[PDB]
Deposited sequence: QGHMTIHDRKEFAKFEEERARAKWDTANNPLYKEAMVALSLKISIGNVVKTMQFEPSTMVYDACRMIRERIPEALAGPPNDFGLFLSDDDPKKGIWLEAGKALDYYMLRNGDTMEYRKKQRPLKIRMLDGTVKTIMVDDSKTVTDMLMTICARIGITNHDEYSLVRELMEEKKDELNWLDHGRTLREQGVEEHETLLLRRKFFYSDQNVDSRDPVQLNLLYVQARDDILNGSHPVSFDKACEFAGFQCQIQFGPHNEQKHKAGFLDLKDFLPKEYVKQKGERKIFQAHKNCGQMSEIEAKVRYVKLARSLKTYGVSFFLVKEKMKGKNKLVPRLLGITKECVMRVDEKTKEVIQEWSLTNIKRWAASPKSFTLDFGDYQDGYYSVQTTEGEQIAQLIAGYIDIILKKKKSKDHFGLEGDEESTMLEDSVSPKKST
């Protein structure tokens, strides 16, 4: 006993994909050359469970055992581009996801963001909702450290439960301080402040105490010698980590009483103006090891990247040994061990250094160049 199936169709070319929407898994057939956006339209017209939200909030998603290699299908591409076989599962998934942002002021706010968009595009919506004009200068870090702007959160292992920090990364434009807007002024104060205690902005031990004196005027107001006795202050909250293991509390206090009856707002103005007054302002430092003719063991030094130049700096004294303008740089190359700059005709020989952060050094140089070109399309 044998039987020939009348429903047997020959020369089948369509792709039989299983569409997943929540609990529902239903099989659908698509032509190979069908665009992704037309696929979603067909899915919307044949599955009433796909009409929960508007199409812009939904997309086709290819899951993976590893969450960081899940793929959001681009609408402008075709189906067979993603190398699909009959029996493969396509998710009609919600693109929106909550992203906790600890913010600048310190309050943590939850923002919905497109899980398919890159970080450089997510930063646009994040800044638009937090009312921040200069989204080019900002970026995001992880408290366990900047993230790659050209890549999505999913492909960098950022789980959806992790909070991130909005922090300024590029220092190109700075509107000068005025106390007309106290909220934006406190925003400037927090950014300029935490860049000093973080060690991101190096200062001398004397300048660090003049800052802490202003910050005492911020959080405690005028100096009350009754309540502000010695030993009252946890120095770890008021200086870089290098300057805490020293007897420097009175210098802070003496700078604190030098403020007199200064308003909290006025002391915030002075904190920012003094920070901008330093030549180390707006300079992002990296640790590198160079090879001089003097010996065959790499001497550690710092190199700083500014809005307009790259400079070789000493690890201790923070003095500029050599500075090349970004218009003197012809090429750069990065590696998990090295970083190299070629200066064309403005120098004989390249500048090559061993470093852990050749990744970000190049990413930070190109970013400033990105900014210079962006603010120069039509002057």
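- Of the deposited sequence, the ranges 1-24, 169-176, 412-435 have no C-alpha coordinates according to the record.
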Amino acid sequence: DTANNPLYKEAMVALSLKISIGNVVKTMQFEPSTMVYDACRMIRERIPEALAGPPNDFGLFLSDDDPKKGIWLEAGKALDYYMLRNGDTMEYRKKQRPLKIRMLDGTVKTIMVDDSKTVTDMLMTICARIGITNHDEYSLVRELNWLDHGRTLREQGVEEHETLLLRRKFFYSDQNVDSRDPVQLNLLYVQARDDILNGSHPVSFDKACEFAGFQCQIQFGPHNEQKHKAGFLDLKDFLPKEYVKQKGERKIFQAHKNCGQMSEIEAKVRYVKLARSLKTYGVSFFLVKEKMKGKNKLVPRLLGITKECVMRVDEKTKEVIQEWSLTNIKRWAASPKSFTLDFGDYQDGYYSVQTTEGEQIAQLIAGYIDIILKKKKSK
From here on, numbers count along this sequence of modelled residues.
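- Remark: stretch with higher mean C-alpha B factor among 121-129 and 229-237 is 229-237.
- Just going by the entry, 216-224 versus 73-81 on mean CA temperature factor gives the higher value to 216-224.
- Based on the entry's C-alpha B-factors, the most elevated value among 261, 156, 96, 139 belongs to 261.
- For the set 371, 17, 14, 361, the PDB entry assigns the largest Cα B-factor to 14.
- Ranked by C-alpha B-factor against the other modelled residues of its chain, residue 210 falls in the highest third.
- Annotation for residue 306: CA B-factor lies in the lowest third of the chain's modelled residues.
- Sorting the modelled residues of the chain by their CA temperature factor places residue 88 in the middle third.
- Remark: residue 146 belongs to the middle third of its chain, ranked by C-alpha B-factor as recorded.
- Placement of the Cα temperature factor of residue 193 within the chain: middle third of the modelled residues, per the deposited record.
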